[PDB]
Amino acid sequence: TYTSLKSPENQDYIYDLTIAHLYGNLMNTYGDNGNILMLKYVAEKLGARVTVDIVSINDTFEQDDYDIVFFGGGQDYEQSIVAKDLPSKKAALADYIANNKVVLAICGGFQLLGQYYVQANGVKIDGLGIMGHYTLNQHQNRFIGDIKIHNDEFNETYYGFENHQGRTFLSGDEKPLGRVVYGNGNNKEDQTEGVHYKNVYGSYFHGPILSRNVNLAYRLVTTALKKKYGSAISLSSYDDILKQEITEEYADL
């Protein structure tokens, strides 16, 4: 394990946020690692000193050391290698998730939280099996294109771009990250996209998602901060720290 990113000592931070970038040097494709940069940027704006550790193959993971886990996407080969190492982190990630701490998981990382995924060529690769969803393959087809979803628990809309062959089906104890307004979503069948279970937020969205959805960036960081320091603290407003991004998100229309 090593620290890949650290806030400067150019501000006086009242809080500390430690991010475990799971397999961040193997699951590192398509710009999804820019989610880490967006987490750091939002956290600093809220007064948090950010430390990002790369926790990858053969690293031990201690749930108590981290306030956010980010688990992104990668290439098929790297993804199968990540899968081989995950049993070493199963017990600690299960405890982290059961303790309601914050996870953001994208593509392959989202898939690997679940039961298994199946490559396009039919090979089943077991996942952590912590969550109940599973992912089937498509023989030739891929779900590719712009996608827009809406989460009715929060009343938030998220936009991005999908490109995946896997078809994920959620288990009964899970919610979707959002219901599909247009796009294929997890399976093209049930209008779901992603997952929301406790404080695990999963998605197929490229973008990166937090660059295109600052609403979700704020949600993840504030949830993490209130989890660590308690629901009674008073954080700066979404509109006040992210005014520029909220308006420019709309100017795109």
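The first residue of the shown sequence is 1; numbering continues from there.
Colleague: Going by the B-factors listed in the PDB entry, is the mean over the C-alpha atoms higher for 1-9 or for 242-250?
Modeller: That would be 242-250.
Colleague: Mind pulling up the entry and telling me whether 17-25 or 225-233 has the higher mean Cα temperature factor?
Modeller: Per the PDB record, 225-233.
Colleague: In terms of recorded Cα temperature factor, pick the maximum from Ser203, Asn215, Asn184, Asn35.
Modeller: In the PDB entry, the greatest C-alpha B-factor among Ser203, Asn215, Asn184, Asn35 is found at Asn184.
Colleague: With respect to C-alpha B-factor, does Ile209 fall in the lowest, middle or highest third of the chain as deposited?
Modeller: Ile209: CA B-factor falls in the lowest third of its chain.
Colleague: With respect to C-alpha B-factor, does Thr51 fall in the lowest, middle or highest third of the chain as deposited?
Modeller: Its C-alpha B-factor, which the entry lists for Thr51, ranks in the middle third among residues of this chain.
Colleague: By its CA B factor, does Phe61 count among the lowest, middle or highest third of the modelled residues in the chain?
Modeller: Within its chain, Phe61 is a highest-third residue by C-alpha B-factor, going by the deposited values.
Colleague: Among all modelled residues of this chain, ranked by Cα B factor, put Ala91 in the bottom, middle or top third, i.e. lowest, middle or highest.
Modeller: Tercile = highest for this residue's CA B-factor.
Colleague: Test of reading the entry: by CA B factor among the chain's modelled residues, which third contains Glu78?
Modeller: For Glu78, whose C-alpha B-factor we compare with every modelled residue in the chain, the answer is the lowest third.
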